[PDB]
Structure formats: structure tokens, C-alpha cells
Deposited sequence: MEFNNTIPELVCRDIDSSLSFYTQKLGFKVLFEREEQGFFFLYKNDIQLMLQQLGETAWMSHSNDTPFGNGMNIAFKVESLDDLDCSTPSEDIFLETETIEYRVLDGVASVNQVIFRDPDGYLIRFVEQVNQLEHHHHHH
């Protein structure tokens, strides 16, 4: 199989809850799993994302009681936000908005939404317009 050049791996306090969030709310599918390690490799179109149940094999930068994901957001580029459940929700960190960003070679106009997953990871979907 082909691995994307950038794949986030999210340790999940409750992998069942996280799996339901990513599959049912965000439309990811399970590509493969190592279920005996609580590990799931998810995909949606061209994006990939790994989930890992919190446990002894997890790579934890801070203590287990430290809330997850602070400071970061993952920007996923999508052709459209239509297949996302952006109902406006405790799952929504930033409601759908159109924003102009000044970038290297001009202005990137985007439609974007940010979700906050069950452990606090921020997942930003960006549609370039």
C-alpha cells in the first residue's frame, strides 16, 4: 500500500468513541487494523489518519492524565465540505466559514470547518475556492 507523506497518529482514550466519530461523523473508513493493539489505520479519499487506543504501546509525550492534542490542529485538504456533518454542536470547534489567507503566491480563499474530536484533537477541513 501507499503511505501518505504526512499521517497523524492520534492516541485515543476511548477508541470505540473515536472510531465512531471519525467514521460516522467525518466519513473515514477503516483501511486496516491491528485490532489486538487497538490500532486503526483510517482513510477518506486521499487522506489517511491513524488511531491508537491509549495503552502501554502508545507514544505519549506527556502524562496520561494530560489532555490530548493541545496546541495543534491538522489541516486536511478536501474538494468539498458537503460530506461532513457540520451541524451547528459539541463536535464543532470552529463553524464553517469562508476566509481569505495571505499565502506565498497570493490569497488562498477557503471554506473551512474545525472539529474537536472526543479527546480534544482539532481536525480542520479546508476546501480551496
For this session: In sequence order, name the stretches of the deposited sequence that have no C-alpha in these coordinates.
Result: 89, 131-140
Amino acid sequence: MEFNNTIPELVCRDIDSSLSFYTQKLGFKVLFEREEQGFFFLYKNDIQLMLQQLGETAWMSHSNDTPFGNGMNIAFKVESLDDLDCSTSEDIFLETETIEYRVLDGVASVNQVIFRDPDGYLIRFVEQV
From here on, numbers count along this sequence of modelled residues.
Exercise. Going by the B-factors listed in the PDB entry, is the mean over the C-alpha atoms higher for 39-47 or for 91-99?
Worked result: 91-99
Exercise. Which is higher in the entry, the mean Cα B factor of 29-37 or that of 66-74?
Worked result: 29-37
For this session: Pick out which of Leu122, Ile7, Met1, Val126 has the highest C-alpha B-factor in the PDB entry.
Result: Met1
For this session: Comparing against every modelled residue in the chain, figure out the third that the C-alpha B-factor of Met60 lands in (lowest, middle or highest).
Result: lowest
For this session: Just say lowest, middle or highest third for the CA B-factor of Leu81 relative to the other modelled residues in its chain.
Result: highest
Exercise. What third of the chain, by the recorded C-alpha B-factor, contains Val113?
Worked result: middle
For this session: Grab the CA temperature factor for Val107 from the record and place it in the lowest, middle or highest third of its chain.
Result: highest
